[PDB]
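First the structure, in the form of structure tokens, and then the observations on it.
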Amino acid sequence: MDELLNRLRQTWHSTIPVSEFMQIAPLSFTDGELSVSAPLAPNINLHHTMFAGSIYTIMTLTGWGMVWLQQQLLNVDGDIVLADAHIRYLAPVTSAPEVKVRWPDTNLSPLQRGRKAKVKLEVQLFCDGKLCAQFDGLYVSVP
Amino acid sequence: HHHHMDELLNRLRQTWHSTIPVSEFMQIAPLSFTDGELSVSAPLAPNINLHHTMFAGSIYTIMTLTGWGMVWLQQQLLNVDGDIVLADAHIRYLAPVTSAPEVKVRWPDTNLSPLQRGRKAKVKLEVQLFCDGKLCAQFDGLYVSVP
């Protein structure tokens with residue numbers, strides 16, 4: 001999984017300048033759960049807590065990353081697009097968070113038939129073990 | 001900078017770049033503020049994705065800063081102090097953004113008197129993003145300001 005996550009990070013930074021500036025990078029992928037993080041420094045706001053835009057962006061890329069990983073596991077490829085998302089900010093983020101996402105009870109099999117595959121992902125952001133933000137996004141994979 | 005409220009708009013831009021490093025990297029800046037409508041934009045370059053269109057995260061960020069900026073502006077006009085925080089938001093991506101967009105928000109005449117009472121105030125704003133005159137993204141955010 002090391003090589004896999006390393007490739008994901010490289011893909012983000014090379015294609016999305018903002019992800020490189022925010023220093024977003026995968027932490028781990030185990031037992032079907034993807035974990036991602038980023039330092040607070042470039043992502044700060046007035047109160048030196050994590051900026052709302054950075055919070056959203058890291059969660060968006062965490063969902064994106066999960067779809068990418070599931071595509072790899074299925075040996076298929078497709079454009080990953082976020083159709084819509086809902087985000088709730090529960091508490092300020094005071095340090096580098098742990099952003100996690102688990103794969104729901106679905107699959108991307110349609111991609112194997114040359115058909116688009118949609119998935120609703122729940123992404124959660126934790127800081128010091130507490131949930132500080134909730135994200136729900138609809139990702140579509142287009143072959 | 002001169003816009004089509006210059007003092008406030010420059011103040012807003014300076015507040016963003018000096019307190020939020022991401023906003024400076026994204027080169028987000030106000031365009032105009034008249035008749036209750038705030039217009040904001042950002043270049044595509046630092047905000048691209050693999051398709052060379054605007055990155056979903058940048059789209060969201062510019063829209064949330066535009067909403068935040070509107071609340072900030074209204075507070076400045078009343079000379080009231082309050083920490084503005086986005087509580088929840090919903091965003092829909094309709095079409096790819098191929099150039100510097102026009103992000104707009106219109107003030108719904110929200111009562112901010114509670115802030116002048118020492119009470120938190122809730123502000124629901126709608127932000128729209130256009131490119132070449134076409135609506136490409138829709139944003140709904142609930143902001144909470146605490147005195």
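A note on names: the letters A, B, ... follow the listed sequences, proteins ahead of strands, and every chain is numbered from 1. We use all heavy atoms of the structure for the numbers below, so side chains are in, but hydrogens, waters and symmetry mates are not.
Looking at B:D6, its side chain does come within 3.5 Å of a backbone N or O of B:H3 through a donor-acceptor pair. Without hydrogens or angle criteria, A:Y89 side chain to A:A52 main chain gives a donor-acceptor distance under 3.5 Å. In this structure, the side chain of A:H86 engages the main chain of B:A89 through a donor-acceptor pair within 3.5 Å. A donor-acceptor pair is defined here as one N or O able to donate and one able to accept, closer than 3.5 Å; such a pair exists between the side chain of B:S23 and the backbone of B:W16. Proximity of a side-chain donor or acceptor of B:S58 to a complementary backbone N or O of B:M54 within less than 3.5 Å is not detected. When atom types are taken as modelled, the side chain of A:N45 and the backbone of A:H47 share a donor-acceptor pair closer than 3.5 angstrom.
Considering CD1 of B:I84 and CE of B:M70, their distance stands at 11.5 Å, rounded to 0.5 Å. Distance CZ/B:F55 to CG/B:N47: 9.5 Å, rounded to 0.5 Å. Once rounded to the nearest 0.5 Å, the distance linking CG of B:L65 with CH2 of B:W72 reads 12.5 Å. With rounding to the nearest 0.5 Å, the separation of CG in B:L38 from CZ in B:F33 is 6.5 Å. Note that CG of A:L8 is 12.0 Å distant from CE of A:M1, once rounded to the nearest 0.5 Å. Rounded to the nearest 0.5 Å, atoms OG1 (B:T64) and CD1 (B:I91) are 9.0 Å apart.
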- prompt: side chain to side chain contact (heavy atoms under 4.5 Å, CB included) between A:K100 and A:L125: does it pass, once the steps are laid out?
  reply: CA-CA 6 Å; A:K100 312 177 184 177; A:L125 182 153; over 6 Å; no
Candidate pair B:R13 and B:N10, rule side chain to side chain contact (heavy atoms under 4.5 Å, CB included), full reasoning: CA-CA 5 Å; B:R13 197 272 312 304; B:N10 279 123; 3.2 Å; yes
- request: Walk me through it: do A:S141 and A:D79 pass the test side chain to side chain contact (heavy atoms under 4.5 Å, CB included)?
  value: CA-CA 5 Å; A:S141 287; A:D79 181 33; over 6 Å; no
message: Please evaluate residues A:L121 and A:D136 with respect to the criterion side chain to side chain contact (heavy atoms under 4.5 Å, CB included), reporting the C-alpha separation (whole Å), side-chain torsions for both, the decisive distance (0.1 Å), and the verdict.
response: CA-CA 6 Å; A:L121 293 176; A:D136 288 288; over 6 Å; no
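Under the ring pair (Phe, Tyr, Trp, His ring centres under 6.0 Å) criterion, A:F21 pairs with B:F25, sequence neighbours left out.
When every heavy atom of B:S99 is checked against every heavy atom of B:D132, the shortest pair comes out as OG-OD1, 3.8 Å. Of all non-hydrogen atoms in B:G57 and A:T57, the two that sit nearest each other are CA-OG1, 3.5 Å. Across all non-hydrogen atoms, the minimal contact from B:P21 to A:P42 is CB-O, 3.5 Å. Closest heavy-atom contact between B:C131 and B:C136: CB-SG, 3.9 Å.
At a threshold of 4.5 Å between side-chain heavy atoms, the hydrophobic network of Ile, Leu, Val, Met, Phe, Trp and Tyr places A:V123 and A:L90 in two separate groups. A chain of hydrophobic side-chain contacts below 4.5 Å, direct or via other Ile, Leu, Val, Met, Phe, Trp or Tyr residues, connects A:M22 to A:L5. Cluster annotation: A:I24 is not connected to A:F126 through the hydrophobic network of ILVMFWY side chains, with a link wherever side-chain heavy atoms come within less than 4.5 Å. Put simply, A:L4 and A:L108 are part of the same group of oily side chains (I, L, V, M, F, W, Y) that touch within less than 4.5 Å, one to the next. Under a hydrophobic clustering in which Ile, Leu, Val, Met, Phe, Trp and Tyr are joined whenever their side-chain heavy atoms come within less than 4.5 Å, directly or via other members, A:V140 and A:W64 fall into different clusters.
Relative orientation of the A:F135 and A:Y139 rings is tilted, given thresholds of 30° and 60° on the angle between their planes.
Side-chain atoms of A:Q71 and A:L74, non-hydrogen and from C-beta on, never get closer than 4.5 Å to each other. In this structure, A:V36 and A:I58 have side chains that are in contact, with non-hydrogen atoms separated by less than 4.5 Å. Taking the side chain as every heavy atom from C-beta outward, A:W103 and A:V119 approach each other to under 4.5 Å. Looking at B:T98 and B:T53, their side chains come closer than 4.5 Å, going by heavy atoms from C-beta outward. By the 4.5 Å heavy-atom criterion applied to side chains, A:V76 and A:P143 are not counted as neighbours.
Within the structure, the salt bridge (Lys or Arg N to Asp or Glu O under 4.0 Å) test picks out the following pairs touching residues 25-38 of chain A (sequence neighbours left out): A:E33-A:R102. Counting only residues at least two apart or on different chains, the side chain to side chain donor-acceptor pair (under 3.5 Å) pairs with a member in residues 110-129 of chain B are B:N111-B:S113, B:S113-B:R117, B:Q128-B:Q138.
Remark: the B:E102 side chain and the B:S41 side chain contain no N/O donor-acceptor pair separated by less than 3.5 Å.
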